[PDB]
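Have a look at the structure below, then the notes.
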Amino acid sequence: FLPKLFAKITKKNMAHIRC
């Protein structure tokens, strides 16, 4: 829902959100 202005550009912490 929320914007991914930096959520999409970021490919590091993204795969770390779950872990």
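Order determines the names: the first chain of the structure tokens is A, the second B, and so forth; residues in each chain are numbered 1 upward, and ligands are numbered 1 upward as they are shown.
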Self-check item: Test item, helix (DSSP H, G or I) assignment across chain A, answer as number ranges by chain
Solution: A: 13-16
